[PDB]
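Asker:
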RNA sequence: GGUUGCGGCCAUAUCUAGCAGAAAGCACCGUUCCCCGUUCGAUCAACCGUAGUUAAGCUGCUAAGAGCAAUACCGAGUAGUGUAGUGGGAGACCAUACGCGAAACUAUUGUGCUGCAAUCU
RNA sequence: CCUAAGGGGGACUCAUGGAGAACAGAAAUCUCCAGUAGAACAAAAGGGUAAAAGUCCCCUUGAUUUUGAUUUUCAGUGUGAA
RNA sequence: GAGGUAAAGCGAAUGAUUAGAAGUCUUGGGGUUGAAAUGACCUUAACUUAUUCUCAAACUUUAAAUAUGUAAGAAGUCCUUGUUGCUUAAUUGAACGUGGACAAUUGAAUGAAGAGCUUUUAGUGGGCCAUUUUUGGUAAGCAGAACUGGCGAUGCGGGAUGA
Ligand SMILES: [Mg+2]
Ligand SMILES: [Mg+2]
Ligand SMILES: [Mg+2]
Ligand SMILES: [Mg+2]
Ligand SMILES: [Mg+2]
Ligand SMILES: [Mg+2]
Ligand SMILES: [Mg+2]
Ligand SMILES: [Mg+2]
Ligand SMILES: [Mg+2]
Ligand SMILES: [Mg+2]
Ligand SMILES: [Mg+2]
Ligand SMILES: [Mg+2]
Ligand SMILES: [Mg+2]
Ligand SMILES: [Mg+2]
Ligand SMILES: [Mg+2]
Ligand SMILES: [Mg+2]
Ligand SMILES: [Mg+2]
Ligand SMILES: [Mg+2]
Ligand SMILES: [Mg+2]
Ligand SMILES: [Mg+2]
Ligand SMILES: [Mg+2]
Ligand SMILES: [Mg+2]
Ligand SMILES: [Mg+2]
Ligand SMILES: [Mg+2]
Ligand SMILES: [Mg+2]
Ligand SMILES: [Mg+2]
Ligand SMILES: [Mg+2]
Ligand SMILES: [Mg+2]
Ligand SMILES: [Mg+2]
Ligand SMILES: [Mg+2]
Ligand SMILES: [Mg+2]
Ligand SMILES: [Mg+2]
Ligand SMILES: [Mg+2]
Ligand SMILES: [Mg+2]
Ligand SMILES: [Mg+2]
Ligand SMILES: [Mg+2]
Ligand SMILES: [Mg+2]
Ligand SMILES: [Mg+2]
Ligand SMILES: [Mg+2]
Ligand SMILES: [Mg+2]
Ligand SMILES: [Mg+2]
Ligand SMILES: [Mg+2]
Ligand SMILES: [Mg+2]
Ligand SMILES: [Mg+2]
Ligand SMILES: [Mg+2]
Ligand SMILES: [Mg+2]
Ligand SMILES: [Mg+2]
Ligand SMILES: [Mg+2]
Ligand SMILES: [Mg+2]
Ligand SMILES: [Mg+2]
Ligand SMILES: [Mg+2]
Ligand SMILES: [Mg+2]
Ligand SMILES: [Mg+2]
Ligand SMILES: [Mg+2]
Ligand SMILES: [Mg+2]
Ligand SMILES: [Mg+2]
Ligand SMILES: [Mg+2]
Ligand SMILES: [Mg+2]
Ligand SMILES: [Mg+2]
Ligand SMILES: [Mg+2]
Ligand SMILES: [Mg+2]
């Protein structure tokens, strides 16, 4: 069927900033 | 004039999200539920990145969502507000004049239950807007909307209370 | 390790001007270059094809060839004790007409106009340019401008 | 051993004894590197120009 | 361990700061640059006294720490800990290098310490206090002068405290409602920008 | 607590785009590719067929670009069509074809290439390009400029394309964007294209709607009702319009009810004019004094 | 003079917050049979100009507005620098001579101009 | 290192922030607004790039054939590269 | 025309960096009010806002001095119309031309034992010093670059003596 396309460019992300524990 | 015909608030779109945490059969059944409810083929969203805690990986098909506009959107919205017994919170309204709520079982909406499908919760979001939003969405001469023509929280809250005789809490 | 590549040391030379990045204004592509035109050379960092070598950035030369998107410019470069004729193929984004032509070509017109006018009046006119000469004598009026006496000032600290 | 690596000292002295000479200019530059399509046609235009001038003078002689 | 300061007195090399290019740099010996009653308002300490360098020179972080401690100790001992606000006006940002810690092959040194590069007329230390504490503060700086190499002058500022206005222009701007407190410093009125915000910030502004 | 983003340094370092890109009107990438001419053809210009659609009008212009600004060669508007017999549907695909034919014929009239390069006189919907005449001047070459409008098979811009090609102008193009192109079987159904050229889809909509909703037919097709114009005589409306367009493609300006000076004087009466420096200084002084009442 | 289409230079044009906008234009706006594209006629495609609106876009004006631009008995002939001495100074560095000469700062002013075509109270 | 990460065309606009939506939390997916590039472009770094050079899609092989001219290094030789 | 070094700048981007002040519903914690709220209060710490002290070879809006490319005519400027298989929709242009006009102030200064050209071959291919710019080094009569002038290859007067 259909699926959402990658508008973003964080190709070698696989994680994200700001996402810090204890926060 | 604040009482202009073209300043009328009305629904732009309703977006239905089911974020099942895994891929495969369960996501397929959530998509079946969404295609049943909206009558349109929904679209599956892939994980932007990998999180081991959530058990997801990058590009694994996680969630499914669908956008409905027009009378069908209105029907689905009131069908969902019936489940909420017409009582939202003030915190349910964003600063941009959009609002949303989340049901927990999709058989409460009023569709047939199948043991094979099971029950999925569901997420509802309504995008509000007056006439003339095409300015910000057309290809040529795209511009911005004037401040008075912008949608905000108070106007949307008042419009929802007037049009549905519902209550907007604030706990 | 020594490094001596084609664009070495061009960090600032090939930079776009501040707040002038992006698309090329189209008068660049509408200018017409003819064989014999005098052109300034200034590499545009955003067009990498037909780009000059860093030596020719800031040099002025003669167009000798005109192609689809480029002109050939003749540059005289010092190699030791003589000049060598260089023929560089450059896209027109790195080229601009030299403004030194328009001043001299106007002085030629002005000299021709002045000569015929003096010829028309049956008199003579001198067309050679002159360097700035020492100024002549003059008289300074002091009405409202009586000389004010100054003295050197004492030393002070202002911090 | 270890020696001198590089220096441009005295090199301008040597270039200016007999050189630093500007190149001579000529009325006709060489058309080497000029577009072949223009060069091909420019051959025919010059040949025809010589014929017209030759006939005009041949008229003005006999 | 540490070489004599005579080895690093002059600005022979280009500035060599901590960066992405040198990372294993020790810390400066001086970490505190404001001493005394640093929260005092501008009106409390009208008198400013500077220690000014008469040399194009490098001052080590060790010397800065030593001179700072000397001046602070003397002034708090003689006049009390709350009679002044001392500020060190030069920060050591230039990294010195040491080679031995063979011969001249591969002689690029390792970070060894930190120094501030000061010019002629550059202020090293500023001390704002009351007028009656002048002779104390001067003697506090004159002792600190001994911890530095080269020539330094003790200069009494023409200005009110650490402000850029003379001691007469400050009083004029004060009686005209053009100055408001900002803690230890002040904010001055601007005749540019949003008129309403400017007026709100300075209620006592006698407009002309 | 987040940082305010719109600082004074943000405005200071902001580089504004080209004025007409910031208006969202000119695609300068496409404009560069269209306009730029081979440097060995020196001052020979490239000619653009500018095609623009408004909510009510079709604008077709033949333009060459210069440093002081673009220069119009000829221009045909859809509002010129009532002169030729088309009064309603001034934004049909067929109105686009008519505008293209009109601009082609008008340009050829201006040049003098009327008897030579007549065009496709018998419109059957077949794909065809204006071929040069042996031992004669080449056809006027023009390149299509659709601006920001998306390229779709069936778009109205290519109606002007076909008209201009059929009008005698040489406009290079392919038929895979015309209405009636079968993408699976890569051939053009010229019958459906000919249908579209003479308003066949609109006439078929009239016929299909009339027997399925007379009230909607009464509201959508009012002008046809008071003119007693049915579907079967739509084609003639175009076939005659075509003929008239070829008979006299010259531009006739609208007679102006007022002179240039009268128009200027009328417009100059409205629109506020900037305050003098002294006036705003007095305003500032008043606002300062009137701020004195919130001293608490 | 206003407006539209296409533009040149590419902020004196940008950004924020208010207010106003006659005529025409532009616009939002109405519809889904047809070409066409979508999860969604939202975008894109097509149809009507018919039912409505200047609310928005756009345009103009307002602001000790931000930014931008220009100017200067502003700062400052300051910083720096080419050239000179068997000048000063232990040195670091500095003065002088013949020339060139900033940036910041401060103040003031301004806030698109314009080309081709068409059109309009 | 790459049949695309080459070539053409088209559509879209990244990093990030704010405000919101069942399970859902600092991090899953969805929505709007802001967003001069603060991302991404194989690999070092610099430059360059916003209706793109970035993301996604369609079609392809110009990563082809014959050889001349030219630029850099330069002796104005070679090689590499353009 | 080009340039990005000196200077300058940091209440301009980037990076470094001292100090307070006022604020906010993820405040980071301690005490107290809490029946307990997690809703106040005292506090420190975070951020935000307007400020503050100090910095950058591999930072930068701005931006020199010195140094640098080109031009200042007769091989120039203008007028008319010949050639082509190139170019234009073209009778449009492109390049090269015929014919005609502009006469010694023929288009800045200063100088020019004249300008241009060719062949052939020696020695050399360890360098060093001074001012200024400048790199490594604690420095060196140390090592290494930039421009010029010198010594080498050079005596003569001065520096007593000294490349
Ligand atoms: Mg990527
Ligand atoms: Mg899971
Ligand atoms: Mg290395
Ligand atoms: Mg290197
Ligand atoms: Mg540059
Ligand atoms: Mg390439
Ligand atoms: Mg090249
Ligand atoms: Mg004469
Ligand atoms: Mg050896
Ligand atoms: Mg050697
Ligand atoms: Mg050194
Ligand atoms: Mg110490
Ligand atoms: Mg001392
Ligand atoms: Mg701009
Ligand atoms: Mg395009
Ligand atoms: Mg006027
Ligand atoms: Mg109207
Ligand atoms: Mg629609
Ligand atoms: Mg459309
Ligand atoms: Mg309006
Ligand atoms: Mg309005
Ligand atoms: Mg302003
Ligand atoms: Mg202003
Ligand atoms: Mg000097
Ligand atoms: Mg000297
Ligand atoms: Mg003496
Ligand atoms: Mg001087
Ligand atoms: Mg690529
Ligand atoms: Mg590709
Ligand atoms: Mg591509
Ligand atoms: Mg593209
Ligand atoms: Mg290959
Ligand atoms: Mg080699
Ligand atoms: Mg070679
Ligand atoms: Mg060579
Ligand atoms: Mg080679
Ligand atoms: Mg080579
Ligand atoms: Mg450099
Ligand atoms: Mg500096
Ligand atoms: Mg510096
Ligand atoms: Mg500066
Ligand atoms: Mg406590
Ligand atoms: Mg003729
Ligand atoms: Mg002649
Ligand atoms: Mg002169
Ligand atoms: Mg020889
Ligand atoms: Mg020999
Ligand atoms: Mg020899
Ligand atoms: Mg030999
Ligand atoms: Mg030899
Ligand atoms: Mg030796
Ligand atoms: Mg030897
Ligand atoms: Mg010497
Ligand atoms: Mg000296
Ligand atoms: Mg040495
Ligand atoms: Mg040695
Ligand atoms: Mg020897
Ligand atoms: Mg001698
Ligand atoms: Mg002697
Ligand atoms: Mg002696
Ligand atoms: Mg002697």
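Chains as they are written, first to last, in the deposited numbering: chain i, 32 to 54; chain s, 4 to 174; chain 2, 2 to 160; chain AC, 2 to 63; chain r, 2 to 102, 113 to 219; chain m, 3 to 298. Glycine included, C-beta positions come from ideal geometry on N, C-alpha and C.
Based on the DSSP secondary-structure assignment, which residues constitute the bridge partners of residue 127 (chain 2)?
Answerer: Partner(s): none; residue 127 (chain 2) has no beta bridge.
Asker: Touching or not, the stretch 89-99 of chain 2 and the stretch 50-60 of chain 2, by the rule of three or more beta carbon pairs under 8 Å?
Answerer: Judged by Cβ distances under 8 Å, the stretch 89-99 of chain 2 makes contact with the stretch 50-60 of chain 2, as three or more pairs qualify.
Asker: Between residue 67 (chain 2) and chain AC, is the shortest Cβ-Cβ distance under 9 Å, so that the two count as touching?
Answerer: yes
Asker: What residues from chain 2 crowd round residue 86 (chain r), counting only those whose CB sits closer than 9 Å?
Answerer: Those do not exist, as residue 86 (chain r) stays about 17 Å from chain 2 at its closest Cβ, beyond 9 Å.
Asker: Check the DSSP bridge columns for residue 102 (chain s) and list the partner residues they point to.
Answerer: 96 (chain s), 129 (chain s)
Asker: Ignoring anything shorter than 4 residues or poking outside the stretch 141-229 of chain m, list the alpha helix (DSSP H) runs there in chain order.
Answerer: Taking 4 residues as the shortest admissible run, the stretch 141-229 of chain m contains the following complete alpha helix (DSSP H) segments, listed from N- to C-terminal end: 159-168, 192-199, 202-212, 216-222, 224-229.
Asker: May I ask you to report which of helix, strand or coil DSSP gives residue 219 (chain r)?
Answerer: It is coil, neither helix nor strand.
Asker: Quick one: give me the first and last residue of the alpha helix (DSSP H) that residue 241 (chain m) is part of.
Answerer: 236-249
Asker: For a contact defined as C-beta to C-beta under 7 Å, what are the partners of residue 32 (chain i) on chain s?
Answerer: 44
Asker: Please list, in chain order, the chain r residues whose beta carbon lies closer than 8 Å to that of residue 290 (chain m).
Answerer: 206, 210, 218
Asker: Could you list which residues in chain s have their beta carbon closer than 7 Å to that of residue 27 (chain m), in chain order?
Answerer: The answer, in chain order, is 143, 144.
Asker: Between residue 20 (chain r) and chain 2, is the shortest Cβ-Cβ distance under 9 Å, so that the two count as touching?
Answerer: no
Asker: Residue 59 (chain s): beta carbon under 8 Å from a heavy atom of ligand 2?
Answerer: yes
Asker: Does any residue of chain i have a CB that is nearer than 9 Å to the CB of residue 53 (chain s)?
Answerer: yes
Asker: Quick one: any contact between the stretch 35-54 of chain r and the stretch 33-50 of chain AC, if contact means 3 or more CB pairs under 8 Å?
Answerer: no
Asker: Hey, would you say the C-beta of residue 101 (chain r) is under 8 Å away from at least one heavy atom of ligand 51?
Answerer: Checking the 8 Å criterion, the Cβ of residue 101 (chain r) is out of range of every heavy atom belonging to ligand 51.
Asker: With H, G and I counted as helix, E and B as strand and the rest as coil, what does DSSP make of residue 35 (chain r)?
Answerer: strand
Asker: Using the beta-carbon count (16 or more within 10 Å), is residue 47 (chain s) buried or exposed?
Answerer: buried
Asker: Establish whether the CB of residue 5 (chain 2) and some CB of chain AC are separated by less than 9 Å.
Answerer: no
Asker: Using the Cα positions of residue 162 (chain s) and residue 137 (chain s), report the straight-line distance between them to the nearest angstrom.
Answerer: Residue 162 (chain s) and residue 137 (chain s): Cα-Cα distance of roughly 21 Å.
Asker: At 4 residues or longer, what runs of the alpha helix (DSSP H) sit wholly inside the stretch 78-150 of chain m?
Answerer: 83-86, 95-113
Asker: List the residues of chain s that residue 40 (chain i) touches, going by C-beta distances under 9 Å, in chain order.
Answerer: What residue 40 (chain i) touches in chain s: nothing, since even the nearest Cβ is about 11 Å away.
Asker: Taking the Cβ atom as the reference point for each residue, do residue 171 (chain s) and residue 95 (chain s) lie within a distance shorter than 9 Å?
Answerer: yes
Asker: Do you know how far the Cα of residue 69 (chain 2) is from the Cα of residue 38 (chain AC)?
Answerer: 12 Å
Asker: When you compare only the Cα positions, how much space is there between residue 201 (chain r) and residue 9 (chain m)?
Answerer: 18 Å
Asker: Taking the Cβ atom as the reference point for each residue, do residue 217 (chain r) and residue 198 (chain r) lie within a distance shorter than 9 Å?
Answerer: no
Asker: Which chain s residues sit within Cβ distance under 8 Å of residue 150 (chain m)?
Answerer: 142, 143
Asker: What does residue 40 (chain m) reach in chain 2 if we use C-beta pairs closer than 7 Å?
Answerer: What residue 40 (chain m) touches in chain 2: 69.
Asker: Of all residues in the structure, which have a C-beta closer than 7 Å to any heavy atom of ligand 14, taken in chain order?
Answerer: 17 (chain m), 18 (chain m), 19 (chain m), 20 (chain m)
Asker: Verify whether the separation of the beta carbon atoms of residue 240 (chain m) and residue 180 (chain m) is less than 9 Å.
Answerer: no
Asker: Measuring CA to CA, which of 146 (chain r), 122 (chain r), 153 (chain r) is closest to residue 3 (chain r)?
Answerer: 122 (chain r)
Asker: Which chain s residues are close to residue 44 (chain i), counting only those with a beta carbon under 7 Å from its beta carbon?
Answerer: Close partners of residue 44 (chain i) in chain s (Cβ separation under 7 Å): 52.
Asker: Could you list which residues in chain 2 have their beta carbon closer than 7 Å to that of residue 145 (chain r), in chain order?
Answerer: Chain 2 residues near residue 145 (chain r): none, gap ~16 Å exceeds 7 Å.
Asker: Tell me whether residue 117 (chain 2) counts as near ligand 45, meaning its Cβ is closer than 8 Å to at least one heavy atom of that ligand.
Answerer: no
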